[PDB]
10 protein chains.
Amino acid sequence: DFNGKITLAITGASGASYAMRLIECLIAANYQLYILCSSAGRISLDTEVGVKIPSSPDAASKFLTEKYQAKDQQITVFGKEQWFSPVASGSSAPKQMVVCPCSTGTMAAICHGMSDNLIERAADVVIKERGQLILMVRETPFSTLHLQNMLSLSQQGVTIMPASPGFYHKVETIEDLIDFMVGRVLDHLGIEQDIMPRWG
Amino acid sequence: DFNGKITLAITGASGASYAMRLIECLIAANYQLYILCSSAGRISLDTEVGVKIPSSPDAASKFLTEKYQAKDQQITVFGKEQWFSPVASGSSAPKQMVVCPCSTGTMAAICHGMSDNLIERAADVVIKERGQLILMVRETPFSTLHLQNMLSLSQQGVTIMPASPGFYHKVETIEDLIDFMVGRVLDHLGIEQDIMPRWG
Amino acid sequence: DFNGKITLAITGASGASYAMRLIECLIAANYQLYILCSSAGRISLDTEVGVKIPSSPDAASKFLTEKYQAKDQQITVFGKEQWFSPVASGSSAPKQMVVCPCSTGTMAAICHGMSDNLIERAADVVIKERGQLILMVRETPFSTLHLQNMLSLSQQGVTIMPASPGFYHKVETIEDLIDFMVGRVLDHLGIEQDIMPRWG
Amino acid sequence: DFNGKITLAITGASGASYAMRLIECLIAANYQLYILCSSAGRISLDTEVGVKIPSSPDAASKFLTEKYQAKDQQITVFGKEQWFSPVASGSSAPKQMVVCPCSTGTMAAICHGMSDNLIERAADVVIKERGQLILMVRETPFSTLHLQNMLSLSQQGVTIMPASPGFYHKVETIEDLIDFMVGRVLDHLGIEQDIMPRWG
Amino acid sequence: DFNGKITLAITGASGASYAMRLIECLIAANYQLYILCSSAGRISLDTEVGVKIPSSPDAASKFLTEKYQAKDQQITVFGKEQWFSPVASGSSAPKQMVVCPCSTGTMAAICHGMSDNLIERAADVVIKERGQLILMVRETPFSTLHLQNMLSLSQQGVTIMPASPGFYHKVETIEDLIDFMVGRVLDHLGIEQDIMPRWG
Amino acid sequence: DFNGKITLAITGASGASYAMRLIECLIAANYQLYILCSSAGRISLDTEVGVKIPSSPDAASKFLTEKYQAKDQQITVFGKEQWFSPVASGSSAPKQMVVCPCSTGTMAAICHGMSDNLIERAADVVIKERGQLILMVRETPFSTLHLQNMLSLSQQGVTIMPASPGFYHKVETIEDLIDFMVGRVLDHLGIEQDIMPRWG
Amino acid sequence: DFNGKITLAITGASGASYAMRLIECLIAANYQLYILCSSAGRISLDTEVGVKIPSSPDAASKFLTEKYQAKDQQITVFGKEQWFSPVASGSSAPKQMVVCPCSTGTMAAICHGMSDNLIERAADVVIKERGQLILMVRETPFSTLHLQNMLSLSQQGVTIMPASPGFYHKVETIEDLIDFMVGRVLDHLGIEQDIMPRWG
Amino acid sequence: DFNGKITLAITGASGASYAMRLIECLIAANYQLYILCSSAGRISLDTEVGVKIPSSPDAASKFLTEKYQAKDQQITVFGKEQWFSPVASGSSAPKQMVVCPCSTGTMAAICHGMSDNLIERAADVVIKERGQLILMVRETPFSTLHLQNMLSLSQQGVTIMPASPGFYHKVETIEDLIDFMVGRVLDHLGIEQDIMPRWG
Amino acid sequence: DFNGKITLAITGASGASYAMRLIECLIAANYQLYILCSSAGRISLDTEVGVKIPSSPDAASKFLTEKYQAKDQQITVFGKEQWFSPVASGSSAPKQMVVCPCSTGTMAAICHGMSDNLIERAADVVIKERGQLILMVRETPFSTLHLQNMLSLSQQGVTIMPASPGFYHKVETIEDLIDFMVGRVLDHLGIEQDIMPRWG
Amino acid sequence: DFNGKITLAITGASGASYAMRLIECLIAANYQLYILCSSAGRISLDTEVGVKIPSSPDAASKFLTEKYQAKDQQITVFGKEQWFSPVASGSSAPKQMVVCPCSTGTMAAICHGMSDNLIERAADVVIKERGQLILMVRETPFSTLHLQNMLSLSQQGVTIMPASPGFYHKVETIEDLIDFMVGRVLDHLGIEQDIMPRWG
């Protein structure tokens with residue numbers, strides 16, 4: 001008895017911390033998560049935050065389940081070519097999906113409809129079902145070609161959310177900046193920011 | 001005998017720290033600066049970082065000169081409607097200009113050619129002279145209309161550089177993230193990153 | 001314990017009566033209102049309907065509160081440059097906003113992302129959050145440039161609702177025509193037309 | 001010896017009163033009128049204002065002639081498929097045509113060149129002769145597709161005049177609002193507003 | 001008993017002399033003028049040609065009336081926010097308007113429909129009434145964004161007339177070059193060049 | 001040992017004086033010039049400024065060499081169909097070319113890639129090599145079709161520089177206006193304005 | 001044993017003679033014809049050339065069969081709403097269709113995919129099967145909207161063939177002008193012009 | 001004392017008879033004509049109708065003057081490169097110009113702004129002055145590229161009038177078909193069809 | 001009794017050898033050729049391969065006939081302004097045309113519909129008849145404007161075939177590279193590569 | 001102490017010889033090279049020119065170093081998924097990159113921002129840093145879709161340089177044709193052609 005199901009995709013764009021905080025807040029918000037991680041996403045998590053997700057999808061699910069202390073079936077990891085997954089079909093796919101962080105190469109593939117891996121096929125499905133797809137892009141600067149990619153998607157209802165946190169405080173901390181972006185994701189997903197737990 | 005002249009514009013987009021670090025690095029790089037600050041830019045600097053720029057352009061120049069310990073004529077502040085300034089003419093305007101941070105409302109005015117204040121007129125001049133204009137946008141998400149604004153400018157040679165720093169370290173610090181963006185500005189300006197001084 | 005929060009903006013386009021009836025119906029529907037009025041909006045209200053809104057935002061809130069007999073905190077007026085207001089941030093801004101009536105100059109500024117006053121910044125925020133923005137345009141004829149403005153916004157999900165009431169009765173009255181437009185606003189906002197009170 | 005010839009088309013868009021006042025003012029201005037009324041236009045006139053135009057074009061001409069007390073040949077009604085009419089040819093068609101009110105379905109047909117009835121063929125002719133076609137649209141809101149229709153026509157020189165009267169008075173009356181729109185039609189047609197007669 | 005009414009707007013684009021000669025020729029042609037001058041327009045007139053227009057609209061009207069020796073009511077100056085002026089309404093606005101000279105920032109505002117001052121609202125009105133608006137642009141070079149602005153307006157029937165006089169003589173004089181542009185304005189307005197008086 | 005090589009093209013657009021002053025300043029700046037003159041360019045030079053360029057390219061080179069007192073090989077004129085010239089090849093063509101003045105017919109041919117004479121082929125070459133092409137257009141008004149031509153070229157990196165000099169002085173002289181445009185050309189070419197010699 | 005099957009549609013555009021000569025030449029070329037005639041097409045044939053096609057499709061087939069002396073099954077007329085006809089299906093429809101003459105209203109319907117009668121559905125079918133559709137337009141002038149219609153179709157492979165015969169002779173005759181257009185149709189259909197029989 | 005001045009251009013598109021009838025009707029209507037004929041136009045007139053226009057512009061003027069019995073100065077022929085002609089300047093050029101007939105190659109040059117001969121420069125001038133240019137195109141079929149050419153011009157206010165006469169009679173004659181097109185030209189020029197003289 | 005008729009055009013783009021090999025293979029394939037050569041095409045043939053085509057079209061036909069040993073009427077050369085040629089009419093023009101090699105200036109003229117010489121008129125004819133036009137472009141790099149030219153033509157069915165031979169062998173020879181391109185032309189023309197004769 | 005750093009990418013498009021000559025000339029010009037080779041690039045080098053690059057990046061660097069006799073660190077090969085390479089970051093990536101030869105599939109991926117291998121990520125980086133990317137395309141013909149790809153990139157500043165060498169000599173050799181293209185690459189890179197060594 002979860003409050004919703006969300007697809008979470010993690011790519012390699014140097015914003016692993018955002019992804020990890022997102023998952024924590026979504027677990028606390030009592031949502032069911034289907035988690036997809038690219039090759040580069042996995043390696044980013046290790047390098048940036050020391051989280052070593054097993055490549056085996058079963059052992060990966062168990063791993064995140066214990067990390068975050070999640071409920072039975074609350075977290076399921078699917079593999080990069082596991083095309084039988086619920087996220088690959090209009091029928092069983094969550095109506096909300098976040099790509100956090102999102103590389104411009106993945107964003108481009110999504111823009112053009114390439115569907116060369118599970119992340120890209122899941123996004124394609126959310127778009128054809130007129131669901132809610134949030135791409136938390138992490139790249140700078142933005143070339144002309146990537147703005148044309150972004151513009152396309154945006155016109156088609158996808159939320160382009162660059163990881164560009166504001167500095168709203170007098171002494172800013174890395175936790176404020178991560179939460180700035182994560183609370184705005186939750187805001188877009190319709191989930192209350194009051195459920196976000198303490199960092200300490 | 002400075003190495004170059006650059007126009008620096010500061011708007012209110014919650015990224016004051018980036019602007020302050022930029023100025024420091026540009027002073028250290030031995031460039032001449034012409035500094036423009038919007039109303040909201042001034043108030044942002046006070047709130048976010050406790051820098052209280054006098055509104056008087058003369059007293060403002062002196063103020064930043066002492067703050068950063070700059071050379072005679074190294075820093076000159078111009079006022080929001082001082083249309084006689086060197087930045088308002090093709091003849092005397094620096095060929096490089098950075099807007100750091102850049103609100104989307106200022107970016108929109110620049111995109112459409114509005115020139116309603118000195119920041120917008122200076123940008124307009126850099127664009128017609130086919131100079132180098134770098135807009136360090138700080139906003140999220142990016143609406144469709146603002147991506148169309150960004151795309152226009154980008155197609156016209158303006159560098160759209162969202163303030164989206166990468167997390168390249170194992171324990172990230174607010175100084176790494178500021179420098180991530182500032183070193184990339186300097187990279188685009190053709191200035192060596194080796195001149196950036198210590199934070200302590 | 002209100003049923004919702006809505007932003008109401010009033011510009012000068014000669015349709016003050018529509019705005020005044022809207023507010024009445026929204027108060028009766030038990031919504032919380034954040035009210036923005038441009039310079040020309042204020043002067044329009046005086047000329048067209050003899051409503052003299054104090055320019056002071058506090059005294060303006062009190063004034064409308066007594067006029068319409070609203071609940072504590074049910075009506076708050078914000079000032080044209082009060083950038084700290086809840087409507088200027090994605091986090092705290094109502095997800096529904098109506099501009100009633102809407103000048104084409106304000107509509108143009110919104111279309112292009114100009115954000116030169118609080119009305120324009122509030123609209124910009126509703127659009128980037130993919131909220132519901134209803135512009136009740138009052139202008140005729142519609143130039144080519146203003147149709148391109150309207151078309152842009154419409155494509156981006158904004159409801160362009162010209163103040164073009166139908167004549168559905170045998171003896172039409174000015175109250176029928178105002179309500180024609182106001183009931184259609186309420187229809188779009190998802191509020192029941194049965195709550196609209198008697199004119200007498 | 002009339003001052004001009006104008007084509008007047010009436011569709012069903014709930015603005016019959018505007019059409020009836022227009023005809024009165026044009027008769028008083030001493031113009032020759034060729035009147036076209038769609039099926040829905042006829043039924044609108046009955047419902048909204050109790051004017052029962054005979055479907056027979058001859059008896060319809062006589063009827064309006066007596067209603068408005070017009071001069072011999074001052075008013076001629078043509079039928080929905082009478083393709084031999086002067087309005088269906090470049091040679092004999094008035095150079096000014098007003099569609100009052102104008103449904104969006106008729107406007108769409110005109111935009112796309114469909115010419116499926118006499119109204120649409122007459123408009124097509126005014127457009128190819130680079131005459132003056134005024135469409136007094138009565139619809140709200142304006143969908144995206146209908147703004148693209150409007151924009152096309154406007155770019156091609158057609159005057160899109162939504163029936164969106166302004167409230168310029170202290171106690172507005174239904175007669176002021178009708179005249180607001182009708183005087184603006186006359187303004188566009190180059191006819192003096194001083195000839196508009198009293199309502200009483 | 002004047003031959004016509006024209007709106008004349010003067011902006012700051014360094015072409016004050018053209019404006020002053022235009023007014024002289026239009027007075028001599030016996031037209032009624034409504035004159036609008038921006039802030040920068042006023043300061044340009046002082047600097048470039050020593051004409052010090054009082055900012056008070058009444059004293060400004062009187063001033064130009066005596067300067068040029070014009071007939072009662074032949075010249076009326078309106079103020080930058082006097083929104084009750086005849087030029088701000090479709091009903092009473094001249095069907096011909098010249099902006100001489102025209103800054104690109106004003107041209108941009110007109111292109112996008114901004115209407116932030118009386119000049120921009122007057123232009124907006126001429127465009128929606130399908131009048132004749134002549135923009136005598138004075139700027140070089142023309143950026144890409146400003147050509148897109150110009151192209152829009154031109155497509156919408158506005159005459160883009162850069163102040164680019166030809167050198168048609170063997171010894172050219174500053175008076176020949178001013179008249180080159182002014183006679184071409186008069187040519188577009190349908191006024192005879194034979195009425196232009198002697199410079200001496 | 002010249003400081004650079006530039007291609008200079010002269011067309012018939014009534015701005016011969018600008019061309020003649022340009023050449024003088026470029027000779028003084030110690031650049032090597034390759035000069036192209038159209039049929040109408042030659043006749044313009046005679047009529048407007050009494051410079052009678054021999055049509056023979058050899059005698060034309062000698063002629064300008066003596067006129068301006070240039071160094072051996074400093075000035076070479078090529079003929080309208082001499083397709084073996086260095087300006088007709090990517091390999092040997094200067095990377096900077098100015099068309100001064102530039103007719104709209106030549107500009108159109110350049111925009112569309114027509115290459116029907118040497119001027120048009122030289123421009124085509126500068127554009128494909130991504131060199132610097134400056135078109136000093138002299139025409140007014142600018143039709144819609146010519147703005148589309150200009151816009152194309154501008155988007156493709158060509159500097160559209162209408163001959164629209166500003167009036168920056170209190171008593172303007174024809175020499176100030178010529179230099180206004182010529183100093184701005186030199187500004188774009190990266191050549192110091194301090195080298196421009198006295199007129200007397 | 002015919003050489004091919006062609007669909008022939010006749011609309012009302014005042015070019016009945018062309019249609020009648022086409023049919024004659026196609027019968028002589030030994031093609032099988034499926035003939036469609038609109039309401040206005042039928043009336044045009046009577047008025048312009050005294051050919052009174054019965055509205056009954058069976059009696060119409062017999063009628064044309066005797067007129068032109070055609071072979072059993074060589075000519076079959078289908079009715080305006082007979083949706084079971086072979087021309088309404090991809091499977092059984094001729095791959096070549098000519099609309100001769102073609103009204104702009106029919107052309108518009110075809111351009112937009114309206115399929116409101118058999119002519120329009122047959123054309124729609126030829127286009128989706130990537131067959132050969134030839135529209136012999138007869139209209140002048142061509143409005144902007146109708147050129148956009150024509151351009152669309154042309155881009156999509158439809159042959160826009162205005163009935164604009166050339167005057168290639170010294171004494172031109174109405175028969176030369178009809179044949180000019182008909183021989184060019186046959187040229188496009190791949191049928192030899194040598195089979196066209198004598199007029200006398 | 002003529003009623004107007006018109007520019008008439010004749011190209012080679014096989015419609016010489018139309019041109020010759022036009023001139024006759026315009027002479028009878030008492031207009032002043034400036035006549036331009038291309039190389040191919042001249043040869044077309046000889047071949048198609050036995051009119052041998054001398055290539056010398058003076059002897060050509062005299063020739064047409066006697067042919068049509070025109071008044072002193074009523075007909076003046078200008079030569080293909082006589083750039084001093086009144087039709088080559090905004091100041092002295094007729095505001096109405098007809099190209100009859102018009103080749104698609106000339107139309108293309110006009111569309112793109114090429115101005116390679118006097119016909120093309122005259123058209124360019126009418127377009128920049130926002131005059132009335134009527135192109136009586138004679139070509140079939142219309143390729144895609146030529147419809148894009150036509151569409152451009154049409155959007156820019158040029159009347160594309162293919163030589164596609166209707167068959168409005170029971171026995172059509174070559175004179176009816178020529179007049180069909182010529183009366184429609186006169187209709188567009190605002191000249192009464194009653195002045196067209198007898199053929200016999 | 002030839003197998004087909006093809007139009008071959010040779011321009012100056014430094015690829016004369018390709019043209020000469022093409023002709024040889026087409027003669028061997030037993031096709032009838034109509035050969036067009038521009039001014040620059042002729043000079044290219046002399047310089048690059050020592051083939052001196054007489055400018056006289058009759059002597060040129062005879063010359064190529066003997067060179068290649070062709071059959072009576074197998075090769076006919078037409079002159080650059082011989083407008084009576086079969087290639088200038090829809091009726092008699094080959095349905096296949098190759099421009100080998102093709103300059104970008106000729107390609108541009110074809111793209112825009114200029115038809116200023118016989119090559120350009122022949123191409124225009126193949127395009128309007130929806131024939132097969134193959135442009136073997138020889139230019140590098142490809143500017144933006146020339147890619148827009150190429151893209152247009154390609155979209156309109158023209159085969160853009162840059163002369164970019166592949167290196168498919170271990171020791172490549174100039175004959176392999178010529179044939180690479182020529183066999184691909186023949187492939188597109190539907191002619192068997194087995195008929196290509198030995199080089200020796 | 002090299003003169004510059006360049007990224008060289010080799011794909012499979014049958015132009016291996018060009019790549020090998022490029023490397024030689026760049027080594028001789030004393031530039032530092034970072035070399036990327038696709039799977040198909042490697043196999044092309046073996047087949048076409050017998051160069052067997054080891055797939056191991058270290059052994060590949062050593063191999064090319066000895067082949068060309070390069071200086072320590074002068075040549076470094078990176079592997080197809082080695083994402084830590086200097087070419088994958090804005091900070092350390094050469095500002096000049098050549099893809100020689102370039103397949104259309106790689107070009108398409110670059111156009112759309114796909115970044116699926118190191119070549120595509122390196123190009124993406126040069127484009128976002130507004131560096132110099134030269135694509136030496138080798139393909140014929142160019143489909144419509146690939147011209148749209150090329151056009152995009154070109155508009156965004158990428159140099160599309162088809163491998164289309166000119167035949168500038170009397171007896172052409174395969175070495176002349178390779179150098180034609182390689183000298184033009186060096187020309188674009190700003191490197192002197194005088195440093196290119198002898199083939200023998």
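Residues numbered from 1 in each chain as written, not as in the entry; some residues may be left out. Chains lettered and ligands numbered in written order. Part of a larger assembly, values for the part shown. Heavy atoms only, no water.

As stated in the entry header, the method of structure determination is X-ray crystallography and the reported resolution is 1.764 Å.

Chain A has the name 3-octaprenyl-4-hydroxybenzoate carboxy-lyase in the PDB entry, where Colwellia psychrerythraea 34H is given as its organism. What UniProt states about chain A under its Function (unreviewed entry) heading is, verbatim, "Flavin prenyltransferase that catalyzes the synthesis of the prenylated FMN cofactor (prenyl-FMN) for 4-hydroxy-3-polyprenylbenzoic acid decarboxylase UbiD. The prenyltransferase is metal-independent and links a dimethylallyl moiety from dimethylallyl monophosphate (DMAP) to the flavin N5 and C6 atoms of FMN." As stated in UniProt under Catalytic activity (unreviewed entry), the record for chain A gives "dimethylallyl phosphate + FMNH2 = prenylated FMNH2 + phosphate". (UniProt positions renumbered as here; feature names shortened; annotations may be inferred.)

**Q** Which parts of the structure should I look at to understand the pattern of salt bridges?
**A** Opposite charge on two side chains permits pairing when their charged atoms draw close. Going through the model one piece at a time under the given rule, you end up with 36 salt bridges over all chains. Notably, a salt bridge pairs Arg21 of chain B with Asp179 of chain B, separated by 2.9 Å at the nearest N-O pair. In this pair, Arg21 of chain B is assigned in helix α1 (residues 16–28) and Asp179 of chain B in helix α7 (residues 174–189), connecting sequence segments 158 residues apart. Pair check on accessibility: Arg21 of chain B and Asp179 of chain B agree, each one buried. Within this structure, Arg21, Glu24 and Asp179 of chain A form a network of salt bridges that share partners. (Salt bridge = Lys/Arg side-chain N within 4 Å of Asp/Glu carboxyl O. Helix = DSSP H or I, 4+ residues; strand = E, 2+ residues; numbered from the N terminus. Buried < 20%, exposed > 50% of the residue type's maximum accessible area, 1.4 Å probe, protein only.)

**Q** What is the right way to read the packing of helix α1 (residues 16–28) of chain H against helix α2 (residues 39–49) of chain H from this model?
**A** The packing of two helices is summarised by the inter-axis angle and the distance between the axes. All names here are of chain H. Between α1 and α2, the least distance of the axes is 9 Å, while the angle of their chain directions is 95 degrees. Taken together, the axes of α1 and α2 lie roughly perpendicular to each other. Along its contact with α1, which presents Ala16, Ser17 and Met20, the element α2 presents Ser44, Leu45, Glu48 and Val49. Per-class residue counts for the contact of α1 with α2 are four nonpolar, two polar and one charged. (Axes fitted to C-alpha atoms, helices over the stretch in contact; angles between N-to-C directions. Parallel < 35°, antiparallel > 145°, perpendicular 65-115°, else oblique. Contact = heavy atoms within 4.5 Å. Nonpolar A, V, L, I, M, F, W, Y, C, P; charged D, E, K, R; others polar.)

**Q** Help me understand the UniProt feature "binding site: FMN" (unreviewed entry) in chain A in this model?
**A** Residue and element names in this part refer to chain A. Under the UniProt annotation, "binding site: FMN" (unreviewed entry) lies at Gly12, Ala13, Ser14, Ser38, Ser103, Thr104, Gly105, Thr106, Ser115 and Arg138. Judged by maximum C-alpha separation, these annotated positions cover 127 residues in sequence and are scattered in space, the widest gap reaching 22.5 Å. Relative to the elements of secondary structure, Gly12 occurs in the loop between β1 (5–10) and α1 (16–28). Other than its neighbours up to four places away in sequence, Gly12 contacts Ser38, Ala40, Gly41, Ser44 and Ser103. Position of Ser115 relative to the elements: it lies in the loop between α4 (104–112) and α5 (118–128). What makes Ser115 partly exposed here is its relative accessible area of 23%. If sequence neighbours within four positions are ignored, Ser115 has contacts with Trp83, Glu120 and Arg121.

**Q** For this particular structure, what's the right way to read the interface of chain A and chain B?
**A** As a measure of interface size, the accessible area lost when the parts come together is often cited. On the chain B side, the residues contacting the 39 residues of chain A number 39 residues. Together chain A and chain B conceal approximately 3,000 Å² of surface at their shared face, both sides included; 63% is due to carbon and sulfur atoms. The interface formed by chain A and chain B contains zero salt bridges. Linking chain A to chain B there are 13 residue pairs in polar contact. Considered class by class, the residues forming the side of chain A that touches chain B number 18 nonpolar, 15 polar and six charged. (Buried area = accessible area lost by both parts, 1.4 Å probe. Polar contact = N/O pair within 3.5 Å; in protein donor to acceptor, adjacent residues only side chain to side chain.)

**Q** What am I meant to see in the pairing of β1 of chain A here?
**A** Successive residues of a regular strand alternate their side chains across the two faces of the sheet. Residues and elements named next belong to chain A. For β1, the tally of buried residues reaches five of six residues, placing the bulk of the element in the interior. When β1 meets strand β2 (residues 32–37), the two strands line up parallel, connected through six bridges. Across the sheet, the residue bridging to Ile10 is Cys37, located in β2. Examined bridge by bridge, β1 and strand β4 (residues 96–102) share four bridges and lie parallel to one another. If you follow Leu8 over to β4, its bridge partner there is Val98. (Pairing = 2+ DSSP bridges.)

**Q** Explanation requested: the packing of helix α4 (residues 104–112) of chain J against helix α5 (residues 118–128) of chain J in the structure shown.
**A** Residue and element names in this part refer to chain J. Between α4 and α5, the least distance of the axes is 9 Å, while the angle of their chain directions is 45 degrees. The angle between α4 and α5 places the two elements in the oblique class. Here α4 runs over α5; the crossing is right-handed. Of α5, the residues touching α4 (which contributes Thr106, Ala109 and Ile110) are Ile119, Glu120, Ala123 and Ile127. (Left-handed = near helix turned anticlockwise from the far one by under 90°.)

**Q** So what exactly am I meant to see when it comes to the relation of the copies chain F and chain J here?
**A** Comparison of the two chain copies shows a relationship of rotation about an axis with a shift along it. When chain F is fitted to chain J, the residual RMSD is 0.0 Å, and the transformation amounts to a turn of 120 degrees plus an axial shift of 0.0 Å. Both chain copies can therefore be described as sitting about a three-fold axis. Closest to the rotation axis within chain F is the C-alpha of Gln155 of chain F, separated from it by 4.6 Å. (Least-squares fit on C-alpha atoms.)

**Q** Help me understand the relation of the copies chain A and chain B, please; the structure alone is not making it clear to me.
**A** When chain A is brought onto chain B, the operation consists of a screw motion whose angular component is 180 degrees and whose axial shift is 0.0 Å, with 0.0 Å RMSD remaining. Classification of the inter-copy transformation places it as that of a two-fold axis. Proximity to the rotation axis, assessed at the C-alpha, singles out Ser164 of chain A in chain A; its C-alpha lies 2.2 Å from the axis. The overlap is high: 100% of the interface residues of chain A also sit at the interface in chain B, so the same surface is used on both sides.

**Q** Explanation requested: the environment of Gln69 of chain I in the structure shown.
**A** Residues and elements named next belong to chain I. Among the structural elements, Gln69 can be located in the loop between α3 (57–68) and β3 (75–78). Exposure remark for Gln69: the relative accessible area of 69% places this residue in the exposed category. Between the C-alpha atoms of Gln69 and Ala28, which are 41 residues apart in sequence, the distance is 9.7 Å.

**Q** Is there a simple way to explain the interface of chain F and chain J in this structure?
**A** Taken residue by residue, the interface counts four residues in chain F and seven residues in chain J. Taken as a group, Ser91, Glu129 and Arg130 of chain F account for 81% of the area that chain F buries against chain J, more than any other trio of residues on that side. At the surface where chain F touches chain J, the tally comes to zero salt bridges. Counting across the chain F and chain J interface gives three residue pairs in polar contact.

**Q** Explanation requested: the side chain of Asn149 of chain J in the structure shown.
**A** Residue and element names in this part refer to chain J. Counting through the fold element by element, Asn149 comes out in helix α6 (residues 144–155). Polar contacts involving the side chain of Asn149 include one to the side chain of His112, which spans 2.9 Å. Among residues more than four places away in sequence, those in contact with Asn149 are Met107, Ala108, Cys111 and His112.

**Q** I keep staring at the sheet that holds strand β3 (residues 75–78) of chain D and nothing clicks. Help me out?
**A** Strands in a sheet are paired, the pairing made by backbone hydrogen bonds, and the direction either parallel or antiparallel. All names here are of chain D. Reading across from one edge, β3-β2-β1-β4-β5-β6 is the order of the six strands in this open sheet, with parallel pairing throughout. Edge positions in the sheet fall to β3 and β6 (159–160), since each has one partner strand and no second. Pairing between strand β4 (residues 96–102) and strand β5 (residues 132–137): five bridges, direction parallel. Each bridged residue has a counterpart across the sheet, and for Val98 the counterpart in β5 is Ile134. Seen against the sheet, helix α1 (residues 16–28) touches β1 (5–10), β2 (32–37), β3, β4 and β5 and runs at an angle of roughly 165 degrees to β1.

**Q** Explain helix α4 (residues 104–112) of chain I to me, please; I cannot follow it from the model alone.
**A** Owing to its 3.6 residues per turn, the α-helix aligns residues three or four sequence positions apart on the same side. Residues and elements named next belong to chain I. Taken across its nine residues, α4 has nine buried, putting it largely inside the fold. Of all the residues in α4, the buried ones are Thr104, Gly105, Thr106, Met107, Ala108, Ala109, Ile110, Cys111 and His112. Phi for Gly113, located one or two positions after α4, is positive at around 80 degrees.

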